[PDB]
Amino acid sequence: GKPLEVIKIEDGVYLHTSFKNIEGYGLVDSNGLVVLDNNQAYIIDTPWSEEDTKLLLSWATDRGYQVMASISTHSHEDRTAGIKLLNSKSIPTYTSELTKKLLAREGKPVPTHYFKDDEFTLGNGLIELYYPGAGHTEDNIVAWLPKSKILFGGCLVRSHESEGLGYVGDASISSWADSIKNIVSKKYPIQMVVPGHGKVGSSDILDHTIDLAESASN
């Protein structure tokens, strides 16, 4: 069969990490966040398994948190599992309108809620969502947390120690550098960047990511 892990990375911000076995390669890890506003919880990108999502919801309800919503950063396979489960529990699920329509076109579970512009904030200013343009996928969005000064980049960003753009099957490689530069133009006072895969780091992760992007489109 290794199980979901949750760890505190700031006050009211927890990193959750799930694991899959890759035959021939080893273990690949995947991150998202739980963000607390008092005792209300928000999930950014659920575990890829419906199983590990189940465990994440229990992680929260066992601490007396009320899970208010989930946000999914894009439409890929691993982001669907949680949507279906949280829909079933009447927990509000959010994506961009575009991500929602992509999911519906692919016959996948759709979120119950969705925002239409390129910016949207959740909680009472707790989570600022932003669509910076195509990169990892055509629809990928990021989440900015103004209080903790953390950017959740998901797979649109690559961690420091990692050396490629990851799964690029649905990527817009020649658009990617420009999309990271759009995040940069927000002039968020970024203190930490959480990638979809790998270790958390500083704002450097964005520069690192443009390097990989600019290299590959050559």
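Numbering starts at 1 and follows the sequence shown.
Missing deposited residues between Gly1 and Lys2: 1 to 3, all without coordinates in the entry. The deposited model assigns a higher average Cα B-factor to 112 to 120 than to the other stretch when 67 to 75 and 112 to 120 are compared. The PDB entry reports B-factors from which the mean C-alpha value can be compared for 25 to 33 and 157 to 165; the larger average falls on 157 to 165.
Highest C-alpha temperature factor among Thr46, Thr61, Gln191, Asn182 per the entry: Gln191. Among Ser96, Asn87, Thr137, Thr80, the highest C-alpha B-factor in the deposited entry belongs to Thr80. In this PDB entry, the Cα temperature factor of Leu15 sits in the bottom third of its chain's modelled residues, the lowest group.
In the deposited entry, the Cα temperature factor of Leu55 places it in the highest third of its chain's modelled residues.
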